[PDB]
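Here's the letter readout for the chains.
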Amino acid sequence: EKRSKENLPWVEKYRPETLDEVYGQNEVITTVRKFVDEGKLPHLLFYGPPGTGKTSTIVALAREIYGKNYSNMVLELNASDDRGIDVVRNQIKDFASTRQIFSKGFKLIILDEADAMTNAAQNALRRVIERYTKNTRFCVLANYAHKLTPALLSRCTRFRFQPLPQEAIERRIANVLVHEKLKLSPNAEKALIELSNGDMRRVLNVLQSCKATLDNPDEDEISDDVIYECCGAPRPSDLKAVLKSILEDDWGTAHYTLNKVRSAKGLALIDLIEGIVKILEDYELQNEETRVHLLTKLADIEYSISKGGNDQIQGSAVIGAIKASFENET
Amino acid sequence: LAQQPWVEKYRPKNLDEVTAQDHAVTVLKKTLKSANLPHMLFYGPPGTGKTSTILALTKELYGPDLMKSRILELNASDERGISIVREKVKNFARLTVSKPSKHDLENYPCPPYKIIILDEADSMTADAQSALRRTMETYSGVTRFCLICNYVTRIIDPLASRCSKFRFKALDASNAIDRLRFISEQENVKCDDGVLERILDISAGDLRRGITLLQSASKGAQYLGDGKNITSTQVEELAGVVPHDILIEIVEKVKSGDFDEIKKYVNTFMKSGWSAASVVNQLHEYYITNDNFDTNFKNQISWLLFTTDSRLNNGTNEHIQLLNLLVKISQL
Amino acid sequence: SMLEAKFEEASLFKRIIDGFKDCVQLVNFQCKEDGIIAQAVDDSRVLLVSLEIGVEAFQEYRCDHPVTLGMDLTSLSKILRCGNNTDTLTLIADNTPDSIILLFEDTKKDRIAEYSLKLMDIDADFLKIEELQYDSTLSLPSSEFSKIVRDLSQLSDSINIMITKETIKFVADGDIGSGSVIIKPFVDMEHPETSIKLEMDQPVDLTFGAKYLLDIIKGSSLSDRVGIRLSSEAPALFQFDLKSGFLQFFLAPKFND
Amino acid sequence: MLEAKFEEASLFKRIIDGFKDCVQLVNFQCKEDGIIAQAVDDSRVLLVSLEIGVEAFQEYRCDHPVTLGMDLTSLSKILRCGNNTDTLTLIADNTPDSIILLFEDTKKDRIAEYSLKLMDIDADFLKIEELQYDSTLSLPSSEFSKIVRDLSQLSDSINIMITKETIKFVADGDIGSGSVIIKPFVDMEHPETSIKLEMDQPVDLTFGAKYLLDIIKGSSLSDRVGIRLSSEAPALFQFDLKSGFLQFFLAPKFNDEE
Amino acid sequence: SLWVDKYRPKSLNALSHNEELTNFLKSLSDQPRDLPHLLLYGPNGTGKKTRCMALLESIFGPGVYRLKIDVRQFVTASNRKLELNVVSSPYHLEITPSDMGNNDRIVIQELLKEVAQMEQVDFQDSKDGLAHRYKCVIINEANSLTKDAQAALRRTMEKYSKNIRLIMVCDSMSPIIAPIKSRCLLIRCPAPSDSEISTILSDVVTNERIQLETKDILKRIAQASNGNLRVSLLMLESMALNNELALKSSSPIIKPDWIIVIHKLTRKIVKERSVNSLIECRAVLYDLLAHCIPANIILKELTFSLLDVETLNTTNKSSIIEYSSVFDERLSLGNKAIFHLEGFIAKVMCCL
Amino acid sequence: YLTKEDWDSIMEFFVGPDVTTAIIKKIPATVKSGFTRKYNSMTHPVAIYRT
DNA sequence: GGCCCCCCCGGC
DNA sequence: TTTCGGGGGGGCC
Ligand SMILES: Nc1ncnc2c1ncn2[C@@H]1O[C@H](COP(=O)(O)OP(=O)(O)OP(O)(O)=S)[C@@H](O)[C@H]1O
Ligand SMILES: Nc1ncnc2c1ncn2[C@@H]1O[C@H](COP(=O)(O)OP(=O)(O)OP(O)(O)=S)[C@@H](O)[C@H]1O
Ligand SMILES: Nc1nc2c(ncn2[C@@H]2O[C@H](COP(=O)(O)OP(=O)(O)O)[C@@H](O)[C@H]2O)c(=O)[nH]1
Ligand SMILES: [Mg+2]
Ligand SMILES: [Mg+2]
């Protein structure tokens, strides 16, 4: 790196260093801590969605086992490094079959993002894992479990990293606010958690952008409005008004309301579609075909939007689909 | 200069020349003083000023001289396979930042990191994108990444998670009129009232298209040699907009409902070269915003127009699609 | 400049780099007022290389403050190949440098070739793994060690070294057969350069990979003798002494099982 | 009606080999004065000019100037089968669809006579009117070959900065930069390797490494190469022949940052 | 030389239809130093390439018409060798990357970038010897380019505009991606009217001295071409040759073989509706496709011939057009065209 | 700039009522021989050099 | 020993 | 047949 840690992005500045700084995965953290505290470390696998703390957890565990010099006592490989059959057959085998250079102890191999590895390399890894288990332990990290071969999964003990809970996100936000000398409104925190979707990376990025947005962060307070302008996301009031107009007004009024709401702050149609879907999924529809039509048509519109197209036609299609689907309610 | 197209000649030189992207330009300017620029993912529709914004940020960060030693720009014209990602990008990100001069440190902020700009990142394969995940995080202290794309869905979820997202809003007559008026004034283009608003409405979020249309109108006016204000009729003609007479003829033929007459009229119409996208857009505008049709008719026509537009977006024959759409509307 | 170090003959540095370029990828130099000390670890984390070129090997060596330089041996070798084998070589660096300058000068003519190699942000420590008290320390001509390694590696991919009282045994057990070479200490006053010395504390028996020994033996072109120090629970040290510095290979033995 | 009896056919071999890569179909005008040729590269970024004077040939004569569009690859194929030290001649007739290349030798047995087909290539009135080139220098061919083969590894673009009493070479790439500064050099005991320079206004021109490599492929003709640099005109690299020279007008790489 | 090529105009003043487009092109050529990238779209055979050449001749000198063909070599990642035939002039260059299918991308990354990133030697009409002008590159059949090939053009146009200007010609704009359409000045090229086609044919006849009983002949030939001027000229030449350079009131209109085959296929589909009929239709489709007849052309002509039948009702025509739209989309997204053509024919047989 | 091979290739494209295989076969042998002799007895231009 | 080239699979 | 990427196995050197 260069200069102090204050030059780093918040996603990297607040990376957990120890195992007590990881939040939202209490069960997994406790289990791994107990395993490391008694020498009962098996071949580990961490399966989870993006931005949940798998890499942070494994690096913290390696630091706990070895110490500050963990980088000189582990073999860490990821998607940026070639991991072909030759690599598995030579480099990994040599690392697993040899003693530590610096200080005594067992050998740890961290194959981060192993789901990117080919089937041949994973197959070659089988006996490598099973033969040097006396002195070596393997850790695998994955987001998609369908890419891993059945045998490799069979040889590993699985741990699932759940989407981050609300309480853990609030505690981390409190720590970040205290360190950064920031003030966050309760509704601002609510909006941040809602838009995070269980990812701490999104929380930290949005909070950094909000801090940048404030003119005088020293005594200014971050409000839900700041989040909405920073992210460009529709306000809940805007979504509610659009849905109300679509559901109990004529086509002209609905079109005018949608256009005005979108042009007030330059909102995107995709965010509106997601918001309306979230609102409608809480509705109690009398008829199932209403929900079926809503889901099918909105999914089609979302797929069409994903490839460009005409924005006005797409908005009119959204309005018409909602109206037609709700006509079935009677 | 006088030998360059207006679109390139009025490319924002600094971050203060970006017209309607303040919600992100503000934080980008703040980074000039904070020196903690995060990984950025710019996404938005065409001609919203993403490449210009990143280039201006580089201008204001490093300066004219230190730029080339601190920027690595790769676009779709460059090979960006998994091997390239794992060798060239990794090597550049692993290097120490170039030494600034005394002048650079005296004048420009010179943050302590370099920048890699993967423009048009939506054209990169999934494996190549995955190869960047740990490169972005491991060397964040010496390198920062800017992924610029048009379709955010084409970026894999881990990369979007690692990057702070910036959406560029569409440019319309309410937020981009000032820049177009400034360009016209500098270029001394005499236009009637509402001509610039009409240009921006026709552009539909693309300021590059609006500038090109203004240049074409200016060239036409100069060649005419009449010293008369440019009118909206000429702007519409240069933009390929179908005249309202042809549109009312089309809707009347559709109202008639005869298949043979509609087919003959469409056959004659297709010989003029009108784009099907413009015809569909104008038909949508005419129908959805007309009080003479009931709710059910609009409900059906909206879906028909959406289907036709989606089919046309896949490079399909325009004649067949237009005929099918018109027949289906006539049978509504 | 901050650091200015002149090699009278570029062949010296080319040979020193040639001694360990086939076993490591990225090297880290750390220059001080007492010379240039460099470290390099291999991709498998099985072999470490430590070089300690002294100030007596340069025509003139000036270094104000300690300076770190992370480099890739491939690019360094590529550029060093550019320079001729009859020209003086100046290594030049500035305060917190972004590049290292290699200046080839031919006093015969007025031709000066300057090459700037961009540095890498390699942040690591040395840890000075030089375990105090080893179990056995032997010294013998590098030619004999190279011959033994080349002969035995052709039988098996693993070589076992046993140190017993006045006995050094190299054993290989492959598929076609096995091969054992036994050498005992001896001294020749007429030609001490060929003598073999052994100082023993406890018996030793350590296995090593043949590829790593084949890589290590390439340093015999720099020194006529090699010193091998072995100790259980510690990596094996293979030292080649130079005019003013030395080159050390620390090789981790294989797990016994 | 036309012959160009050569002192050594190896000279013609090297001459043809020096620009085979740059161009393949080039019009050769044979006059009593000698051989001339000017071919624009397919990319319209490089021009190959060639001329061999009557003096170089052992015995050259011609009754009527004739333009031949013979292929370079075919002539190379014809020559490569020839011996080392012979006296190639280029005889033909009034209406030649082919040219008979007489690979004659002092001995009556070491003969490699061949025939080369002629192609109807189109020739235009190319003009190479002399210009007041700001700088012009001459340096040994071996030094240029070494410098180019060295700097091509470190980059694909080579900048030739000719300032006051400086012949600076520059090549910037991803791994690093390479510069080999040369200065006016004279050796009384061996002046053949003396660097000559004459310079009026500083010249900055950056060219492609591939083009320079291809040009130096044909530098074996002369032990010295002459570089003529003009800021507003395409710089030209010349290799002297026995009684003429081989010039290459290589356009400069476009500067977009400026 | 055929009459279609022997009387093609070579200057903007020689154009004889769509005078508004001619005036627009003259205005563009008045100050060509700041000319943006151009994209000419319109029906086939209208005269788009002729107008592009006329605009180039207006910008540069008459020398744009001295064209020469050369061969450029390319190497893929697999070492496979590829060849591209490039038409070039002292002032402009022409390329048809679609000729290499999915490999067209390489062109945009190798040839074009080579032209724009380097200056060119100009030893004519110049004093220093270096060109003081931008190079005009014409991409034909731009609508046939792959999406990645088009994406490779964006920064090339946006960075080297000071040296390279692109004039793309396409028949339809739907295949072109939005960024490329945004980066170009769009020029619509309407098809010539019947009166203009008749005037052109009359001029050709007068120049060639072809006896005509009445001028109405040229009218009918104009109507049979559906606005295609090239087809009109070729049809006039064919009829004149088949009638001993003398056209009478009873001279039939000659149609090409593939149109006759498609019409016979339509008649067979209408008459018989079964699986054996589908097998014979597959045979006919294979025969048509094996002779360089594009699948999209087959689909369009078959659909319109079916819709031009005086025995089907409105429901049948509606079903036919719907199936044609669906299977045209399928063809745009598929590789084996025979499958989609057979599916369309089967659906049409079922509906009838 | 058409050659005999190009002539045959063009003649081999037509389909339907315009198939020239039977007609071409029916052409007198002497006519084809004379056509070939005339073609090979002259010098013809080349559209592309070194195809 | 190392490039360089050609050929062949790819789900579970 | 067939658009990358990875692996094997042979051929120059
Ligand atoms: N449980 C967590 N507690 C605190 N911070 C977290 C947590 N999870 C993620 N983060 C934050 O997000 C950043 C990235 O965390 P990561 O460990 O990279 O997540 P990840 O699951 O390994 O990412 P993937 O699956 O490879 S996309 C960290 O620097 C943390 O600042
Ligand atoms: N915010 C803006 N302010 C001023 N001019 C703009 C702006 N956005 C676009 N333009 C104009 O349109 C031209 C092109 O802008 P670009 O930066 O290339 O848009 P872009 O979004 O990066 O294009 P894409 O997404 O790759 S198609 C600029 O040179 C400007 O002249
Ligand atoms: N007399 C005359 N003939 C034209 C004109 N424009 C096009 N043509 C003729 O129409 C033929 C087809 O034109 P072309 O540009 O190749 O069609 P496109 O490329 O598909 O648009 C050409 O052979 C010309 O001879 C015109 O303006 N006047
Ligand atoms: Mg991770
Ligand atoms: Mg862009």
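Here we summarise the structure given alongside this text. (Residues numbered from 1 in each chain as written, not as in the entry; some residues may be left out. Chains lettered and ligands numbered in written order. Part of a larger assembly, values for the part shown. Heavy atoms only, no water. Residues with missing side-chain atoms left out of burial classes, pairs and counts.)

On to the protein's contact with DNA strand H, then. Inspection of the region around DNA strand H gives A:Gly84, A:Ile85, A:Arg89, A:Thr118, B:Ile82, B:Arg86, E:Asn102, E:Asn335 and E:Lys336 as its neighbouring residues. A distance of 2.6 Å separates a phosphate oxygen of DNA strand H from a polar atom in the backbone of A:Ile85. A:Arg89 is positioned such that a nitrogen or oxygen atom in its side chain is 3.0 Å from a phosphate oxygen of DNA strand H. If you list the elements that add at least two residues to the surface near DNA strand H, you get α4 (85-97) of chain A together with α4 (82-94) of chain B. Its residues placed into classes, the surface near DNA strand H shows two nonpolar, four polar and three charged. (Near = heavy atom within 4 Å. Polar contact = N/O pair within 3.5 Å; in protein donor to acceptor, adjacent residues only side chain to side chain. Helix = DSSP H or I, 4+ residues; strand = E, 2+ residues; numbered from the N terminus. Nonpolar A, V, L, I, M, F, W, Y, C, P; charged D, E, K, R; others polar.)

So, about the interface of chain E and chain F. At the interface, nine residues of chain E touch ten residues of chain F. Buried area between chain E and chain F, both sides added, is near 810 Å², and the carbon and sulfur share of it is 69%. Counting every contact that joins chain E to chain F gives zero salt bridges. If you list the elements that add at least two residues to the side of chain E that touches chain F, you get β2 (68-75) and α11 (257-271) of chain E. Of all the elements, α11(E) adds the most residues to the side of chain E that touches chain F, at three residues. Among the residues making up the side of chain E that touches chain F, the classes are represented as five nonpolar, two polar and two charged. (Contact = heavy atoms within 4.5 Å. Buried area = accessible area lost by both parts, 1.4 Å probe. Salt bridge = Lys/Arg side-chain N within 4 Å of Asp/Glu carboxyl O.)

With that settled, consider the site of ligand 2. Around ligand 2, the structure places 23 residues, and the nearest of them are B:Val7, B:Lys50, B:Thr51, B:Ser52 and E:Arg154. Interatomic distance of 2.8 Å between a side-chain N/O atom of B:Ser52 and an oxygen atom of ligand 2. With respect to ligand 2, the side chain of B:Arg208 contributes an N or O atom lying 2.9 Å from an oxygen atom. Within the complex, 99% of the 650 Å² of free accessible area of ligand 2 lies under protein. Elements that contribute at least two residues to the shell around ligand 2 include exactly α3 (51-62) and α11 (207-224) of chain B together with α6 (154-159) of chain E. With three residues, the single largest contributor to the shell around ligand 2 is α11(B). The residue inventory of the shell around ligand 2, partitioned by class, reads nine nonpolar, seven polar and seven charged. (Areas by Shrake-Rupley, 256 points an atom, 1.4 Å probe, with all protein chains shown as cover.)

With that out of the way, let us pick up the sheet that holds strand β3 (residues 114-119) of chain B. All names here are of chain B. The strand order across the open sheet built from five strands is β2-β3-β4-β1-β5, with neighbouring strands paired in parallel fashion. The open sheet terminates on both sides in strands that have one partner only, identified here as β2 (71-74) and β5 (164-167). Neighbour to neighbour, the strand axes of the sheet diverge by 15 degrees on average, direction disregarded. Note: strand β1 (residues 40-43) against strand β4 (residues 143-149), four bridges, orientation parallel. Each residue of the ladder has a partner; that of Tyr43, found in β4, is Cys149. (Pairing = 2+ DSSP bridges. Axes fitted to C-alpha atoms, helices over the stretch in contact; angles between N-to-C directions.)

Okay, the interface of chain A and chain B next. At the interface, 62 residues of chain A touch 52 residues of chain B. Mapped by element, the contributors of at least two residues to the side of chain A that touches chain B are α1 (10-13), α9 (200-213), α10 (224-231), α12 (251-265), α14 (288-306) and α15 (311-327) of chain A. Looking at the side of chain A that touches chain B residue by residue, the class counts come to 17 nonpolar, 23 polar and 22 charged.

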